[PDB]
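Notes for the one structure printed next.
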Amino acid sequence: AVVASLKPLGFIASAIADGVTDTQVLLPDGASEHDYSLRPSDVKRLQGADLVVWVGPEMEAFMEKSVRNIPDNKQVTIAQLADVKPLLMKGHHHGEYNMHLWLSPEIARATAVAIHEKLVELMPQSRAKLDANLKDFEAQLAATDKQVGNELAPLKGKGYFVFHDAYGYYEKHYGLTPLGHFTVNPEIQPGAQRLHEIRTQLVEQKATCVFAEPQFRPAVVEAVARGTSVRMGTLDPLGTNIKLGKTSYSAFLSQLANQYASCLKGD
Ligand SMILES: [Zn+2]
């Protein structure tokens, strides 16, 4: 099987590995980024994988050590790909670059190409199927790119805030106009002073929307938007409800577009 660290990397892998080998995701969604504590069983799965796919040590830091013992021809480390260097954007995260790389359609393409290359070397008997899969992935990516772009085009100029500084890759690519982000605990609303400052910025900068993520308590989001003119939305950067499969990455980009539009559309 191909073992991907995070769900959206699984979406990409599952397009390329379709009908060749299974794709598995290592991490449950609710422990995604940087905190997770790998179990011995997870390390076993990594070592047994046909191919491991992950962003790299500045994202899934918890798996860096486990991957040292996996041969280079059995891993794709997305942030280290030669073609990914000109695609990186400046941004707990704490590094210099935005490492939410799966939100860039161009980095997704580079990732698919890297996965395809490694699998063809590992499984030459399946080259034709792997080639067909890459062709289908790229065709869908092109079609989705066009659909999403047109759906988000009328929403340009409409300001909003987010609670997670992740979306830059997707926003820049499709021409959305974010006003910025607030650091907000998903379980506990900010204190009196900081809540005042946030609510003031929401009104002053003329935000249409503020976007939370699925793990945020509705009450925390309501406390942020209370008093302001601002509509509340939800973005899901992991596509948690989308099942792995051939069309999943395209479904993910399309869903994220729907989530932006659901809130930003109208007035
Ligand atoms: Zn993050």
Side-chain angles (χ1 to χ4, degrees), residues 1-33 36 45-46 49-56 59-60 63 75-79 81 83-84 87 98-119 129-149 151-152 164 166-171 173-174 213-215 234-260:
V2 177
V3 175
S5 57
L6 301 166
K7 173 169 291 170
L9 300 189
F11 299 155
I12 299 164
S14 73
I16 305 304
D18 190 65
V20 181
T21 194
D22 283 355
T23 298
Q24 295 167 353
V25 175
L26 242 209
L27 310 175
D29 291 328
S32 269
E33 271 180 57
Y36 201 72
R45 190 160 304 284
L46 291 168
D50 291 308
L51 179 72
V52 172
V53 181
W54 68 312
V55 171
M59 178 40 73
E60 314 95 325
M63 66 185 279
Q75 57 182 300
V76 173
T77 308
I78 296 162
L81 289 175
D83 290 347
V84 168
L87 305 185
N98 184 342
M99 283 287 140
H100 307 88
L101 305 193
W102 61 90
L103 299 167
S104 167
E106 321 98 274
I107 292 171
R109 190 180 161 123
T111 295
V113 166
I115 294 173
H116 163 90
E117 180 178 284
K118 299 258 156 135
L119 292 178
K129 182 67 172 188
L130 294 162
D131 288 352
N133 287 346
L134 179 59
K135 172 176 271 187
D136 289 345
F137 175 75
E138 290 176 334
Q140 290 178 83
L141 188 54
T144 294
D145 197 47
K146 279 171 283 200
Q147 290 158 198
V148 168
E151 183 190 334
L152 297 182
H164 181 202
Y167 299 92
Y169 289 109
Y170 186 92
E171 291 161 332
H173 182 84
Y174 290 114
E213 290 188 346
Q215 73 276 12
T234 306
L235 303 172
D236 185 359
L238 298 167
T240 61
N241 65 113
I242 296 172
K243 82 169 199 170
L244 305 169
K246 193 173 177 178
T247 64
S248 61
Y249 186 72
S250 270
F252 168 62
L253 296 180
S254 286
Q255 170 166 288
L256 197 61
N258 285 346
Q259 291 174 327
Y260 273 108

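Heavy-atom basis, side chains included; hydrogens, waters and symmetry copies ignored. Throughout, numbering of the chain's residues begins at 1 and tracks the sequence.
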Atom of [X], atom of [Y] and distance for their closest heavy-atom approach:
{"X": "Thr234", "Y": "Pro214", "result": "CG2-N, 3.7 Å"}
{"X": "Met63", "Y": "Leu46", "result": "CE-CD2, 3.9 Å"}
{"X": "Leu238", "Y": "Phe252", "result": "C-CE1, 4.0 Å"}
{"X": "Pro237", "Y": "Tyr167", "result": "CD-OH, 3.1 Å"}
{"X": "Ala257", "Y": "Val148", "result": "CB-CG1, 3.7 Å"}

Compile the donor-acceptor pairs under 3.5 Å between side chains in residues 107-114 and protein atoms, sequence neighbours left out, one pair per line.
{"residue": "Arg109", "atom": "NE", "partner": "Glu138", "partner atom": "OE2", "Å": "3.4"}
{"residue": "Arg109", "atom": "NH2", "partner": "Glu138", "partner atom": "OE2", "Å": "3.3"}
{"residue": "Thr111", "atom": "OG1", "partner": "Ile107", "partner atom": "O", "Å": "2.9"}

Just to verify, what does [X] make a side chain to side chain donor-acceptor pair (under 3.5 Å) with, not counting sequence neighbours?
{"X": "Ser32", "answer": "none"}
{"X": "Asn241", "answer": "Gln255"}
{"X": "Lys129", "answer": "none"}
{"X": "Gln215", "answer": "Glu213"}

Check ring pair (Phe, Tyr, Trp, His ring centres under 6.0 Å) between [X] and all other residues, then give those that pass, not counting sequence neighbours.
{"X": "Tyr260", "result": "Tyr160, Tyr170, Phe211"}
{"X": "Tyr36", "result": "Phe62"}
{"X": "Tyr169", "result": "none"}
{"X": "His164", "result": "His93, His100"}

For the atom pair [atom1] ([X]) and [atom2] ([Y]), what is the distance rounded to the nearest 0.5 Å?
{"X": "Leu134", "Y": "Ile16", "atom1": "CG", "atom2": "CD1", "answer": "4.5 Å"}
{"X": "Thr21", "Y": "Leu51", "atom1": "OG1", "atom2": "CG", "answer": "10.0 Å"}
{"X": "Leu141", "Y": "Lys146", "atom1": "CG", "atom2": "NZ", "answer": "10.0 Å"}
{"X": "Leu244", "Y": "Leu9", "atom1": "CG", "atom2": "CG", "answer": "11.0 Å"}
{"X": "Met59", "Y": "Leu101", "atom1": "CE", "atom2": "CG", "answer": "7.0 Å"}
{"X": "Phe137", "Y": "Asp18", "atom1": "CZ", "atom2": "CG", "answer": "12.5 Å"}

Is the shortest side-chain heavy-atom distance between [X] and [Y] below 4.5 Å?
{"X": "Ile115", "Y": "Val53", "answer": "yes"}
{"X": "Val55", "Y": "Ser5", "answer": "no"}
{"X": "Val2", "Y": "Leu119", "answer": "yes"}
{"X": "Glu33", "Y": "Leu6", "answer": "no"}
{"X": "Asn133", "Y": "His116", "answer": "no"}
{"X": "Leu253", "Y": "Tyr174", "answer": "yes"}

request  = Could you go through the side-chain contact (heavy atoms from CB on, under 4.5 Å) check for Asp50 and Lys118 one step at a time?
outcome  = CA-CA 10 Å; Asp50 291 308; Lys118 299 258 156 135; over 6 Å; no
key: Greater than 12 external heavy atoms within 6.0 Å of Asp131's CG   = yes
task = Answer yes or no: are there more than 12 heavy-atom neighbours, outside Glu117 itself, under 6.0 Å from its atom CD?
result = no
ask   = Which residue pairs satisfy the salt bridge (charged side-chain N to carboxylate O under 4.0 Å, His left out) criterion with at least one member in residues 241-260, sequence neighbours excluded?
value = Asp136-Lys246
Counting only pairs under 3.5 Å, give me each side-chain donor-acceptor contact of residues 22-30, with atom names and distances, residues two or more places apart or in other chains.
{"residue": "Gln24", "atom": "OE1", "partner": "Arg45", "partner atom": "NH1", "Å": "3.2"}
{"residue": "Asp29", "atom": "OD1", "partner": "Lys7", "partner atom": "NZ", "Å": "3.4"}
{"residue": "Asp29", "atom": "OD2", "partner": "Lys7", "partner atom": "NZ", "Å": "2.4"}

task = Only counting residues at least two apart or in another chain, list the ones meeting side-chain contact (heavy atoms from CB on, under 4.5 Å) with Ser248.
result = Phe11, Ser14, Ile242
